[PDB]
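> Mind having a look at this structure? Questions to follow.
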Amino acid sequence: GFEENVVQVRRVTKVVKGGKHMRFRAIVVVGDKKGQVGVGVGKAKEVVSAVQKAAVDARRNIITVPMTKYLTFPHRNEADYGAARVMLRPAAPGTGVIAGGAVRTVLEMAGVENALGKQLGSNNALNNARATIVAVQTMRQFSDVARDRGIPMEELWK
Amino acid sequence: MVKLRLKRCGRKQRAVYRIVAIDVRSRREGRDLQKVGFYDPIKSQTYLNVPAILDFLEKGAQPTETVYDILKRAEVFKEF
Amino acid sequence: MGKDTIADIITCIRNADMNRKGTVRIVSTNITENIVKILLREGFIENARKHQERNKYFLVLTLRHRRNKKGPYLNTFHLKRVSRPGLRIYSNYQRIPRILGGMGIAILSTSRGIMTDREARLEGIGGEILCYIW
Amino acid sequence: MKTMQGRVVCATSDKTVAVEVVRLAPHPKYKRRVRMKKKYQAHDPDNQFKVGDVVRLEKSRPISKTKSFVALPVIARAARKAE
Amino acid sequence: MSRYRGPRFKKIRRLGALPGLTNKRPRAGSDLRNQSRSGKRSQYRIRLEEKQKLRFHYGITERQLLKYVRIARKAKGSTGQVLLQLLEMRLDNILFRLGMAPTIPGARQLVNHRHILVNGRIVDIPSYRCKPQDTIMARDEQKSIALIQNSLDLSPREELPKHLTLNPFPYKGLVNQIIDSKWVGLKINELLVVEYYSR
Amino acid sequence: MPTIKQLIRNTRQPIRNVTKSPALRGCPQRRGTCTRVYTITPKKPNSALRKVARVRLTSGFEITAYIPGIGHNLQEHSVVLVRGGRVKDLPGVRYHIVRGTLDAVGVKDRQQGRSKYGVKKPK
RNA sequence: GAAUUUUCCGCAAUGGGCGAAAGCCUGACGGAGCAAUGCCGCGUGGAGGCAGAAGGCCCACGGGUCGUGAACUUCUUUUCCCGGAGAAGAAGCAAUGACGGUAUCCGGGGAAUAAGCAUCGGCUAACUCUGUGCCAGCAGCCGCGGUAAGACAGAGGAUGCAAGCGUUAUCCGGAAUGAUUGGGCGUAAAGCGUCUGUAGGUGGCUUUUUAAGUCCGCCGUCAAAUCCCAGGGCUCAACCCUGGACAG
């Protein structure tokens, strides 16, 4: 029971001496609004078959988003994947999802209803939709920072 | 010289009337060096700060018609 | 050379955790010994001790790593200097940075001594912001 | 009154000394220190202070249009270039 | 124009959801089609059609709504909910939920023709914000009209919203407190409308 | 980023700025008399007979202007009023003509755009 | 010149000049007039009404749509109009006003007097049929037109906004495309051909001291009015206003 939506249907064509043929590509993102996303890129001859294969690749690369709070992000994070750079900042329980055309499509599925961002560098829908995934994977919460951090011998509780 | 009265800030029918501490050689509604208190005509709002008055009047300040009457309407300026 | 000894420790620990090493040896100075003290009180490292190589005094700095994975999670993800030599940053009681919303801290040298992000707010003092650890 | 310190660069003037005041101040838009140096024409009726001496300048009565400052004390001796 | 005049149930159709511009009309849209599968609406279409649903329900303009969403953004508290606070406090909307008028466009005419009294004094303005503990009642002269009598004859049986309390005999309704999220029964997502104004 | 100490020496600041259409001291519209009303051919993708007229402005400059719509009545002594907009198909033409003002008449039997082209309301 | 107004009324109110006063002078000013120049509010109708009437547009002509839209019916009538009352801005103080047939209030006719503009290929939210047919024309950019082009011209319909709409001009934003917060220089624009070196920038480690920078607190000033927070008054709002905050 996951929600499915398309980002961009790109037209990629190569010319041979045998004519002009194309293999359509589509980016589909999945989600259940509880804090679970997954992007998928699939290439096929037709438009309907390119959306189908990208939906099967989306439910395979499943990553958990550690948001769980009052419909917002835990902290500030800046990640750069290639030429594309996206900045994700937390917001108050009244702001909408003021993020990019390829960024808002992955954030509405993550459960984050309150978020503010910017689209820097390259404005390609392929490199920016995956740059937000690398930025959401490196997200830490108050409990897992202290568990990642190796504190010395403190007083042990039962 | 310096004197006491009221300026204009509220235009049209609503004449609010400002505070005072201005010279005679200046404007009707211009520069004011110090603040005191004011009154609103069609309301029960009457301020007029008493520690600011009498402290300004001792050093050559002239009490003109409009600052008067609103002075005796309150508990200040009587045989006390 | 050594233009800033407060900047090379930041580089020596950052490159050491990326290639997962056990012990690093940095130069011995009183101000840098004060930074490694408020690093272990928060828990970013194990401990710090005194050492000597060849008539030169060095400081032992043992790092801490998490559980075993494909690439084990590091204690300090990023280490960067704010008050770089030739661009000295100074802040008051209100201009003190809130790093990661309370998760990470920023170590600053104040007039009362050497305080952190939470410690400088309780005393009501400010100063030169050295670096930020998270 | 304001007090500013500086070194004397020129002494070849009748009862007047050229004092160069160095002042370090951070930029409000940026962060780093920008050094500004302006020379003041100080008064010295006793012609005691020569070239190379670092003196402090206080505000006083204008003896001319360019001169308004006087040199009252002396913190250190000659700190100039060798002949 | 202050309040849209002309075709009312054209916007109850097309949009999918059914608001209260009149009483109750069919689910289906305009033209010969629209009863089948519609085309894929873009990401900017969901932000444009959702704000036009909130703008038409109350019978408010774009110039007046622009102020009620900006002052609510500058004010403290949850922005998404305080848009529906200053919009529900209007004298033309609190009159619909009172049972004195069958719909909202007919409730603006009721306030404009001097039929409603607020705390004893007479108010003509529909865009007037009604603060708590206020008595929204009818006038003694306009108590004998057949339109006001017919609308309040159907009200003693139906249940009115929890933030309001109507007394059927003296024809007066009091407003106790502010309306919250679970108290609103409209088919509108308040997070899609606040995202439109900040493009 | 260019280093902080070079930003005090040089200090980055923009230019004097070049205008797209020199309509004097920030004036929206400008008046002028037409000198020569001729016909010219477009660029490479288009091929038509477009009507362009050389307008002598109030400042003393003689720049070209495009006439919109079907049919006009501009002579050698017509006092016209310019707009200020490029066509990007005809080289040198950076201005447009506002019809329905002064000597420039509006387009006959046009029912669509009446705000532009300068057409009146038909009864 | 693209473009910016009544050669009006008054001292009544506030203020200025003079006078122990009265009072006089006062297009400062208080008001009115012209102009949708902008901001704000209201209005030009409300409910009910057919099995979806004429008449248009599309049509596979079996219909659909414009359309509840209209007509037809009950209903209310702000504002405009007409008539009668009538707060306050006057404190002074033979009771003193320009504005005023003022605000506002009561009543009487009757919906009766009141909407348009742009757009509809994509970004841009909204469709087809004709005519024309790279012809005439469109156009912010990519671009449309050489016979069936939703991007020309008209019509039907739809969308947006509103007495405003559209166009143009101009600054900022989008341009982390000068980036201090925010960018780069092997090949995309970019290390000067290579050294020495003055000014300038930066500078290892220890202790003491200074403490100038810096930091804490406090005292001045940072005019008022904007902006912001909370709270009041014109029926709301615009507007006006108290205190505070801020003035880095």
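Here's how to read the names in the structure tokens: chain A, B, ... by the order shown, residue numbers from 1 in each chain, ligand numbers from 1 in the order shown.
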Based on only C-alpha atoms (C1' of nucleotides), which of the residues in chain C come within 9 Å of chain G? I want them as a PyMOL selection string.
chain C and resi 1-5+28-29+85-86+90-93+110-111+124-128
> Chain D near chain C within 10 Å: what's each residue's closest atom pair and its distance in Å to one decimal, counting only C-alpha atoms, ordered by chain then ascending residue number, as JSON lines?

```
{"residue": "D:26", "atom": "CA", "partner": "C:88", "partner_atom": "CA", "distance": 8.9}
{"residue": "D:30", "atom": "CA", "partner": "C:87", "partner_atom": "CA", "distance": 8.8}
{"residue": "D:31", "atom": "CA", "partner": "C:87", "partner_atom": "CA", "distance": 5.9}
{"residue": "D:32", "atom": "CA", "partner": "C:87", "partner_atom": "CA", "distance": 4.6}
{"residue": "D:33", "atom": "CA", "partner": "C:87", "partner_atom": "CA", "distance": 7.6}
```
> Near residue E:146, within 12 Å and counting only C-alpha atoms (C1' of nucleotides), which residues show up once chain neighbours fewer than 4 positions away are dropped, as a ChimeraX atom specification?
/E:100-101,142,150-153 /G:47,74-76
> Deliver the residues from the most recent selection as a file, using N, CA and C atoms (P, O5', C5', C4', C3', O3' and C1' of nucleotides), as a PDB file, in the first residue's frame.

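Result saved to result-v8.pdb:
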```pdb
ATOM      1  N   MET E 100     -29.066  31.070  10.222  1.00  0.00           N
ATOM      2  CA  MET E 100     -29.858  32.236   9.817  1.00  0.00           C
ATOM      3  C   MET E 100     -29.938  32.423   8.302  1.00  0.00           C
ATOM      4  N   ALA E 101     -29.005  31.797   7.585  1.00  0.00           N
ATOM      5  CA  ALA E 101     -28.938  31.873   6.127  1.00  0.00           C
ATOM      6  C   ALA E 101     -28.646  30.491   5.532  1.00  0.00           C
ATOM      7  N   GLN E 142     -36.211  43.357  12.043  1.00  0.00           N
ATOM      8  CA  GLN E 142     -36.003  42.326  11.024  1.00  0.00           C
ATOM      9  C   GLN E 142     -36.251  40.902  11.548  1.00  0.00           C
ATOM     10  N   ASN E 150     -38.089  31.239   8.100  1.00  0.00           N
ATOM     11  CA  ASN E 150     -38.049  29.948   7.399  1.00  0.00           C
ATOM     12  C   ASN E 150     -36.713  29.212   7.574  1.00  0.00           C
ATOM     13  N   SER E 151     -35.626  29.977   7.682  1.00  0.00           N
ATOM     14  CA  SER E 151     -34.278  29.430   7.856  1.00  0.00           C
ATOM     15  C   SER E 151     -34.007  28.961   9.288  1.00  0.00           C
ATOM     16  N   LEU E 152     -34.669  29.607  10.249  1.00  0.00           N
ATOM     17  CA  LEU E 152     -34.538  29.282  11.671  1.00  0.00           C
ATOM     18  C   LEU E 152     -35.619  28.314  12.164  1.00  0.00           C
ATOM     19  N   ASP E 153     -36.428  27.816  11.227  1.00  0.00           N
ATOM     20  CA  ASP E 153     -37.503  26.861  11.512  1.00  0.00           C
ATOM     21  C   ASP E 153     -36.963  25.439  11.310  1.00  0.00           C
TER      22      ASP E 153
ATOM     23  P     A G  47     -28.335  33.006  -2.717  1.00  0.00           P
ATOM     24  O5'   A G  47     -29.054  31.849  -1.892  1.00  0.00           O
ATOM     25  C5'   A G  47     -29.827  30.853  -2.550  1.00  0.00           C
ATOM     26  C4'   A G  47     -31.254  30.897  -2.063  1.00  0.00           C
ATOM     27  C3'   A G  47     -32.211  29.992  -2.820  1.00  0.00           C
ATOM     28  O3'   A G  47     -32.168  28.674  -2.284  1.00  0.00           O
ATOM     29  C1'   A G  47     -33.157  32.152  -2.625  1.00  0.00           C
ATOM     30  P     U G  74     -45.239  35.743  -7.350  1.00  0.00           P
ATOM     31  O5'   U G  74     -45.268  35.435  -5.786  1.00  0.00           O
ATOM     32  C5'   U G  74     -44.635  36.307  -4.854  1.00  0.00           C
ATOM     33  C4'   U G  74     -43.743  35.518  -3.928  1.00  0.00           C
ATOM     34  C3'   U G  74     -42.832  36.357  -3.047  1.00  0.00           C
ATOM     35  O3'   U G  74     -43.497  36.775  -1.861  1.00  0.00           O
ATOM     36  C1'   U G  74     -41.555  34.678  -4.104  1.00  0.00           C
ATOM     37  P     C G  75     -43.144  38.203  -1.214  1.00  0.00           P
ATOM     38  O5'   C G  75     -41.573  38.129  -0.961  1.00  0.00           O
ATOM     39  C5'   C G  75     -41.025  37.220  -0.009  1.00  0.00           C
ATOM     40  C4'   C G  75     -39.546  37.469   0.166  1.00  0.00           C
ATOM     41  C3'   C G  75     -39.150  38.914   0.417  1.00  0.00           C
ATOM     42  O3'   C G  75     -39.306  39.254   1.790  1.00  0.00           O
ATOM     43  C1'   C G  75     -37.723  37.976  -1.222  1.00  0.00           C
ATOM     44  P     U G  76     -39.386  40.800   2.224  1.00  0.00           P
ATOM     45  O5'   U G  76     -37.878  41.299   2.105  1.00  0.00           O
ATOM     46  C5'   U G  76     -36.864  40.751   2.942  1.00  0.00           C
ATOM     47  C4'   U G  76     -35.514  41.323   2.583  1.00  0.00           C
ATOM     48  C3'   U G  76     -35.433  42.838   2.508  1.00  0.00           C
ATOM     49  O3'   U G  76     -35.270  43.408   3.805  1.00  0.00           O
ATOM     50  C1'   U G  76     -34.353  41.894   0.626  1.00  0.00           C
TER      51        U G  76
END
```
> Applying 10 Å and only C-alpha atoms (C1' of nucleotides), which residues near residue E:98 remain after dropping the ones on its own chain fewer than 3 positions away? List them as a PyMOL selection string.
chain E and resi 93-95+101-102+136-137+151-152+155+160-161+164-167+171-175
> What are the residues of chain E lining chain A at 7 Å or less? Count only C-alpha atoms, and put the answer as a ChimeraX atom specification.
/E:78-80,191,194-195
> With N, CA, C and O atoms retained, write the just-selected residues as a tab-separated table (two decimals), in the first residue's frame.

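What ended up in part.tsv:
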```
chain	number	residue	atom	x	y	z
E	78	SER	N	0.87	28.09	14.71
E	78	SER	CA	0.80	27.29	13.48
E	78	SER	C	0.11	28.04	12.33
E	78	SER	O	-1.10	28.30	12.39
E	79	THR	N	0.91	28.41	11.33
E	79	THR	CA	0.45	29.16	10.15
E	79	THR	C	-0.67	28.48	9.37
E	79	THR	O	-1.68	29.12	9.07
E	80	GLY	N	-0.53	27.17	9.13
E	80	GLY	CA	-1.52	26.40	8.39
E	80	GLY	C	-2.93	26.39	8.96
E	80	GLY	O	-3.90	26.28	8.21
E	191	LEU	N	-2.09	22.78	3.76
E	191	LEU	CA	-0.64	22.78	3.55
E	191	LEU	C	-0.26	23.02	2.09
E	191	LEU	O	0.91	23.30	1.78
E	194	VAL	N	-0.65	27.39	1.46
E	194	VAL	CA	0.40	28.24	2.04
E	194	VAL	C	1.71	28.10	1.24
E	194	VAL	O	2.60	28.96	1.32
E	195	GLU	N	1.78	27.05	0.43
E	195	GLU	CA	2.93	26.73	-0.42
E	195	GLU	C	2.83	27.44	-1.78
E	195	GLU	O	3.82	27.55	-2.50
```
> Using only C-alpha atoms (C1' of nucleotides), which of B:78, B:7, B:73, B:18 sits nearest chain G?
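Checking each of B:78, B:7, B:73, B:18 against chain G, counting only C-alpha atoms (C1' of nucleotides), the winner is B:7.
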> List every residue of chain F that DSSP, applied to the backbone of this structure, places in alpha helix (DSSP H), and write the result as a PDB file with N, CA, C and O atoms, in the first residue's frame.

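selection03.pdb, freshly written:
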```
ATOM      1  N   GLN F   6      41.849  40.577  -0.826  1.00  0.00           N
ATOM      2  CA  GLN F   6      41.855  41.104  -2.193  1.00  0.00           C
ATOM      3  C   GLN F   6      40.533  41.852  -2.424  1.00  0.00           C
ATOM      4  O   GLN F   6      40.415  42.662  -3.350  1.00  0.00           O
ATOM      5  N   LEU F   7      39.561  41.592  -1.545  1.00  0.00           N
ATOM      6  CA  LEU F   7      38.232  42.210  -1.584  1.00  0.00           C
ATOM      7  C   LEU F   7      38.223  43.612  -0.960  1.00  0.00           C
ATOM      8  O   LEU F   7      37.217  44.322  -1.025  1.00  0.00           O
ATOM      9  N   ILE F   8      39.340  43.981  -0.329  1.00  0.00           N
ATOM     10  CA  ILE F   8      39.512  45.294   0.301  1.00  0.00           C
ATOM     11  C   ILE F   8      40.337  46.170  -0.655  1.00  0.00           C
ATOM     12  O   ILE F   8      40.142  47.388  -0.724  1.00  0.00           O
ATOM     13  N   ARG F   9      41.220  45.521  -1.417  1.00  0.00           N
ATOM     14  CA  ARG F   9      42.093  46.182  -2.391  1.00  0.00           C
ATOM     15  C   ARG F   9      41.365  46.565  -3.681  1.00  0.00           C
ATOM     16  O   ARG F   9      41.429  47.717  -4.118  1.00  0.00           O
TER      17      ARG F   9
END
```
> From the list E:74, E:7, E:36, E:22, which residue is nearest residue G:66 when using only C-alpha atoms (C1' of nucleotides)?
E:7
> Please return, as a VMD selection string, all residues of chain G lying within 12 Å of chain A when only C-alpha atoms (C1' of nucleotides) are considered.
chain G and resid 174 to 177 179 182 to 183
> Applying 10 Å and only C-alpha atoms (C1' of nucleotides), which residues near residue F:32 remain after dropping the ones on its own chain fewer than 4 positions away? List them as a PyMOL selection string.
chain F and resi 54-62+78-82
> Where in stretch 65-138 of chain E does DSSP assign strand (DSSP E), given as a ChimeraX atom specification?
/E:116-118,121-122,134-138
> For chain G, report every residue with an atom at most 9 Å from chain F (counting only C-alpha atoms (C1' of nucleotides)), formatted as a list in words.
residues 2, 117, 118, 134, 135, 136, 137, 139, 153, 154, 165, 166, 167, 168, 169, 170, 178, 179, 180, 182, 183, 184 and 201 of chain G
> Taking only C-alpha atoms (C1' of nucleotides) into account, which residues of chain G are within 10 Å of chain D, as a count of residues only?
5
> Which residues are near residue A:11? Cut-off 9 Å, only C-alpha atoms (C1' of nucleotides), ignore same chain within fewer than 5 positions. Put them as a list in words.
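Selected residues are residues 22, 23, 24 and 25 of chain A.
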> I'd like the neighbourhood of stretch 61-66 of chain A as a list in words, where a residue qualifies if any of its atoms comes within 8 Å (using only C-alpha atoms (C1' of nucleotides)), though same-chain residues fewer than 2 positions away should be ignored.
residues 35, 36, 37, 38, 39, 40, 57, 58, 59, 68, 110, 136, 137, 139, 140 and 141 of chain A
> Could you take the residues named above and write them with N, CA, C and O atoms, as a short mmCIF file (atom, residue, chain, number, x, y, z; two decimals), in the first residue's frame?

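Okay, selection.cif is ready:
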```
data_model
loop_
_atom_site.label_atom_id
_atom_site.label_comp_id
_atom_site.auth_asym_id
_atom_site.auth_seq_id
_atom_site.Cartn_x
_atom_site.Cartn_y
_atom_site.Cartn_z
N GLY A 35 7.86 7.69 6.90
CA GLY A 35 9.29 7.90 6.94
C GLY A 35 10.04 6.81 6.20
O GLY A 35 10.93 6.17 6.76
N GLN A 36 9.67 6.62 4.93
CA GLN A 36 10.26 5.60 4.07
C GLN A 36 10.14 6.00 2.59
O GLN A 36 9.03 6.15 2.07
N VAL A 37 11.29 6.21 1.94
CA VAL A 37 11.35 6.59 0.52
C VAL A 37 12.20 5.62 -0.30
O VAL A 37 12.80 4.68 0.24
N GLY A 38 12.25 5.87 -1.61
CA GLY A 38 13.02 5.04 -2.51
C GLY A 38 12.86 5.45 -3.96
O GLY A 38 11.77 5.35 -4.52
N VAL A 39 13.95 5.95 -4.55
CA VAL A 39 13.96 6.38 -5.96
C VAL A 39 14.35 5.23 -6.88
O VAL A 39 15.09 4.32 -6.48
N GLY A 40 13.85 5.27 -8.11
CA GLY A 40 14.14 4.23 -9.08
C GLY A 40 14.13 4.71 -10.51
O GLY A 40 13.18 5.36 -10.95
N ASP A 57 12.10 -0.90 -9.16
CA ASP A 57 13.46 -0.53 -8.74
C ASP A 57 13.39 0.43 -7.55
O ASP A 57 14.36 0.59 -6.81
N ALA A 58 12.21 1.04 -7.36
CA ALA A 58 11.95 1.98 -6.27
C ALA A 58 11.65 1.29 -4.94
O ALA A 58 12.02 1.79 -3.88
N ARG A 59 10.98 0.13 -5.02
CA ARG A 59 10.63 -0.65 -3.84
C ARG A 59 11.75 -1.61 -3.41
O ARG A 59 11.62 -2.34 -2.42
N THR A 68 10.55 11.15 12.22
CA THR A 68 9.62 10.78 13.31
C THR A 68 9.04 11.84 14.27
O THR A 68 8.09 11.55 15.01
N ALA A 110 8.23 11.25 2.38
CA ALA A 110 9.06 11.06 3.58
C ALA A 110 8.36 11.42 4.88
O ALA A 110 8.86 11.13 5.97
N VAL A 136 19.35 12.71 2.92
CA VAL A 136 18.39 12.19 3.89
C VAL A 136 18.90 10.91 4.59
O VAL A 136 18.37 10.51 5.63
N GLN A 137 19.94 10.31 4.01
CA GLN A 137 20.58 9.10 4.55
C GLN A 137 21.56 9.45 5.67
O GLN A 137 21.78 8.65 6.59
N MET A 139 21.13 11.79 7.87
CA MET A 139 20.38 12.50 8.91
C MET A 139 20.45 11.78 10.25
O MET A 139 20.22 10.57 10.34
N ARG A 140 20.82 12.53 11.29
CA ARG A 140 20.96 12.03 12.65
C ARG A 140 19.93 12.63 13.62
O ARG A 140 19.50 13.77 13.44
N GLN A 141 19.57 11.86 14.64
CA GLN A 141 18.62 12.26 15.68
C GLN A 141 19.37 12.30 17.02
O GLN A 141 20.41 11.64 17.15
#
```
> Pull the closest atom pair for each residue of chain G that gets at most 7 Å from chain B, along with the distance in Å to one decimal, counting only C-alpha atoms (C1' of nucleotides), ordering rows by chain and then ascending residue number, as a tab-separated table.

```
residue	atom	partner	partner_atom	distance
G:14	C1'	B:7	CA	6.8
G:15	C1'	B:28	CA	5.0
G:88	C1'	B:42	CA	6.6
G:89	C1'	B:41	CA	6.9
G:223	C1'	B:33	CA	7.0
G:240	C1'	B:10	CA	6.5
```
> May I have the residues of chain G within 6 Å of chain E, counting only C-alpha atoms (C1' of nucleotides), written as a ChimeraX atom specification?
/G:46,64,78,162,235-236
> Now that the selection is made, can you save its residues with N, CA and C atoms (P, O5', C5', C4', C3', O3' and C1' of nucleotides) as a PDB file, in the first residue's frame?

```
ATOM      1  P     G G  46     -26.393  37.328  -6.408  1.00  0.00           P
ATOM      2  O5'   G G  46     -27.000  37.254  -4.938  1.00  0.00           O
ATOM      3  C5'   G G  46     -27.656  36.078  -4.485  1.00  0.00           C
ATOM      4  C4'   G G  46     -28.578  36.400  -3.335  1.00  0.00           C
ATOM      5  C3'   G G  46     -29.574  35.296  -3.025  1.00  0.00           C
ATOM      6  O3'   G G  46     -28.995  34.351  -2.135  1.00  0.00           O
ATOM      7  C1'   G G  46     -30.716  37.358  -3.209  1.00  0.00           C
ATOM      8  P     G G  64     -28.649  14.975 -24.464  1.00  0.00           P
ATOM      9  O5'   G G  64     -27.233  15.707 -24.499  1.00  0.00           O
ATOM     10  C5'   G G  64     -26.045  15.016 -24.122  1.00  0.00           C
ATOM     11  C4'   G G  64     -24.829  15.883 -24.355  1.00  0.00           C
ATOM     12  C3'   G G  64     -24.835  17.250 -23.691  1.00  0.00           C
ATOM     13  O3'   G G  64     -24.424  17.157 -22.330  1.00  0.00           O
ATOM     14  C1'   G G  64     -24.101  17.458 -25.933  1.00  0.00           C
ATOM     15  P     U G  78     -31.446  50.267   1.282  1.00  0.00           P
ATOM     16  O5'   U G  78     -29.970  50.547   1.812  1.00  0.00           O
ATOM     17  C5'   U G  78     -29.572  50.140   3.122  1.00  0.00           C
ATOM     18  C4'   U G  78     -28.118  49.718   3.126  1.00  0.00           C
ATOM     19  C3'   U G  78     -27.145  50.699   2.497  1.00  0.00           C
ATOM     20  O3'   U G  78     -26.762  51.707   3.424  1.00  0.00           O
ATOM     21  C1'   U G  78     -26.679  48.507   1.725  1.00  0.00           C
ATOM     22  P     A G 162      -8.883  39.928  -7.620  1.00  0.00           P
ATOM     23  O5'   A G 162      -9.696  41.091  -8.343  1.00  0.00           O
ATOM     24  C5'   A G 162      -9.038  42.271  -8.795  1.00  0.00           C
ATOM     25  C4'   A G 162      -9.980  43.109  -9.627  1.00  0.00           C
ATOM     26  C3'   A G 162     -11.285  43.495  -8.951  1.00  0.00           C
ATOM     27  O3'   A G 162     -11.105  44.657  -8.146  1.00  0.00           O
ATOM     28  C1'   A G 162     -11.735  42.665 -11.120  1.00  0.00           C
ATOM     29  P     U G 235     -17.898  54.578  12.174  1.00  0.00           P
ATOM     30  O5'   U G 235     -17.818  53.023  12.516  1.00  0.00           O
ATOM     31  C5'   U G 235     -18.105  52.535  13.826  1.00  0.00           C
ATOM     32  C4'   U G 235     -18.449  51.065  13.769  1.00  0.00           C
ATOM     33  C3'   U G 235     -17.439  50.194  13.035  1.00  0.00           C
ATOM     34  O3'   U G 235     -16.400  49.768  13.914  1.00  0.00           O
ATOM     35  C1'   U G 235     -19.605  49.747  12.206  1.00  0.00           C
ATOM     36  P     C G 236     -14.869  49.826  13.424  1.00  0.00           P
ATOM     37  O5'   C G 236     -14.751  48.639  12.368  1.00  0.00           O
ATOM     38  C5'   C G 236     -14.766  47.275  12.787  1.00  0.00           C
ATOM     39  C4'   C G 236     -14.231  46.386  11.689  1.00  0.00           C
ATOM     40  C3'   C G 236     -12.845  46.743  11.171  1.00  0.00           C
ATOM     41  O3'   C G 236     -11.835  46.133  11.969  1.00  0.00           O
ATOM     42  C1'   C G 236     -14.316  46.423   9.344  1.00  0.00           C
TER      43        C G 236
END
```
> I need the chain A residues near chain C as an MDAnalysis selection string; criterion: at most 8 Å, counting only C-alpha atoms.
chainID A and resid 74:76 141:142 145 148:152
> Keeping only N, CA, C and O atoms, write the selected residues as a tab-separated table (two decimals), in the first residue's frame.

```
chain	number	residue	atom	x	y	z
A	74	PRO	N	15.25	16.81	11.51
A	74	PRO	CA	15.99	16.96	12.77
A	74	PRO	C	17.00	18.12	12.80
A	74	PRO	O	17.02	18.90	13.76
A	75	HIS	N	17.81	18.24	11.74
A	75	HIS	CA	18.82	19.31	11.64
A	75	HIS	C	19.13	19.79	10.22
A	75	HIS	O	18.50	19.36	9.25
A	76	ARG	N	20.11	20.69	10.12
A	76	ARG	CA	20.57	21.29	8.86
A	76	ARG	C	21.62	20.38	8.20
A	76	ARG	O	22.57	19.94	8.85
A	141	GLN	N	19.57	11.86	14.64
A	141	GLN	CA	18.62	12.26	15.68
A	141	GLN	C	19.37	12.30	17.02
A	141	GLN	O	20.41	11.64	17.15
A	142	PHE	N	18.82	13.02	18.00
A	142	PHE	CA	19.39	13.19	19.35
A	142	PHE	C	19.87	11.92	20.07
A	142	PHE	O	20.84	11.96	20.83
A	145	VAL	N	23.08	10.07	17.95
A	145	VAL	CA	24.30	10.88	17.87
A	145	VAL	C	25.20	10.41	19.01
A	145	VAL	O	26.39	10.19	18.82
A	148	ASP	N	26.44	6.88	18.36
A	148	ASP	CA	27.44	6.89	17.29
A	148	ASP	C	28.74	7.41	17.91
A	148	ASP	O	29.84	7.03	17.50
A	149	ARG	N	28.57	8.28	18.90
A	149	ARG	CA	29.65	8.90	19.65
A	149	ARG	C	30.11	7.96	20.76
A	149	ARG	O	29.30	7.49	21.57
A	150	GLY	N	31.41	7.67	20.77
A	150	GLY	CA	31.99	6.79	21.77
A	150	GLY	C	32.38	7.49	23.05
A	150	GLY	O	33.52	7.95	23.19
A	151	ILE	N	31.43	7.55	23.98
A	151	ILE	CA	31.61	8.18	25.29
A	151	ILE	C	32.39	7.25	26.25
A	151	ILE	O	32.25	6.02	26.15
A	152	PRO	N	33.25	7.81	27.15
A	152	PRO	CA	34.00	6.96	28.09
A	152	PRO	C	33.13	6.25	29.13
A	152	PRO	O	31.91	6.40	29.14
```
> Which distance in Å separates atom CA of residue F:74 and atom CA of residue F:93, to one decimal?
17.3 Å
